[PDB]
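Next comes just one chain, in structure tokens: the form solved without 3-(pyridin-3-yl)aniline.
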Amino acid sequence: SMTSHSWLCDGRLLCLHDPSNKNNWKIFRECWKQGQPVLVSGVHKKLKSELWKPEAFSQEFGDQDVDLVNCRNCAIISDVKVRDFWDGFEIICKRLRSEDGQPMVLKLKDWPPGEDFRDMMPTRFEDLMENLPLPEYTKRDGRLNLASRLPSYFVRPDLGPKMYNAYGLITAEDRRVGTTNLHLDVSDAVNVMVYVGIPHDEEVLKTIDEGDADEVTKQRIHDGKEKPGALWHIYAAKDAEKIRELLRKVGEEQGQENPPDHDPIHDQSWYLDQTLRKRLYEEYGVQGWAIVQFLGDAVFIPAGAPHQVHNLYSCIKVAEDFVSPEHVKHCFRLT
């Protein structure tokens, strides 16, 4: 890369430019220790692109049974063949349709299942795990990954990467919907965008704009000609309780009958649309990071940080959990 790094979100987000640069840790840990997310671009240039095509997954694994989620209403489509998901990944009229006759925005639920990623896809496992940025943090045996070094007094993450596959959201009403709703995790994670399917183009730019993307990010589209995959909103762990207080208030306003100690973040049932994000800012002073994850971008999510994901197009992401020393406190089981 020409330069080692830059700053997105108007200076508030570190963006590293070379995913394999051995000096990345120096500037990374400076921002990581403050509870900030970090972005690393260019990972797709390190991978074998033919291994991350939706057509290839359908051909090699199409006969497996899976469950799908209708992102618009959270309904579950049970016990279908995974080729039913992949064959509609980019051709809309091949997609399963809802009772109202429209093609559904679908998320592939838990595939490969559990910890089976490595067993099912050995070559994809090697291709990714050998090219993850900041390897001392992210690799299973990295010197700064405590995942395999902590006693049972800490919540320890399951093994192997996960794959997250979902169609892109389309309409203006979809703008209030999430691919993955707001929640937090007790460990750190890195999430890599390995494929974006770009066949609506007007609503994508509008969604990015209303999502509060910065102008440098928008220039990655119009000048850099990069493919935007998903819109993230990430909030600092220290603001989690204020977010809960907002979502308890809104829930009551909407007639939900919840006990006063209800945890709407763990519930994973909310997506902060433009109205709620503006309200979170005006009434609680909480500001987040609005991140557009492009092809090859690796999003680093700090433990305890609430975060939500909104697919702009159909995406294939792969994520790996790890436990950094900076944030090990978030998986400790005692107060």
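Throughout, we count residues from 1 along the sequence that is shown.
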| request: Would you mind checking whether any residues of the deposited sequence sit unmodelled between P199 and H200, and how many (none, 1 to 3, 4 to 9, 10 or more)? | output: 4 to 9
| remark: The stretch carrying the higher mean Cα B factor in the deposited entry, 100-108 or 175-183, is 100-108
| task | Look up the CA B-factors in the entry and say which stretch, 122-130 or 254-262, has the higher mean. | result | 254-262
| Per the entry, which of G211, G160, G88, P228 tops the list for Cα B factor? | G160
| note | Entry record, C-alpha B-factors for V216, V194, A240, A189; the maximum is at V216
| task | Quick one: classify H233 as lowest, middle or highest third of the chain based on its Cα B-factor. | result | lowest
| task | Taking the values exactly as deposited, rank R83 by C-alpha B-factor within its chain and report the matching third: lowest, middle or highest. | result | lowest
| query | By the record's CA B-factor, is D10 among the lowest, middle or highest third of residues in the chain? | reply | highest
| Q34 CA temperature factor, ranked by third within the chain | middle
| query | For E283, does the deposited CA B-factor place it in the lowest, middle or highest third of the chain? | reply | highest
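Heads up, the form deposited with 3-(pyridin-3-yl)aniline bound isn't pictured, but that's what we're talking about next.
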| Contact between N24 and 3-(pyridin-3-yl)aniline in the entry with it bound at 4.5 Å, heavy atoms? | yes
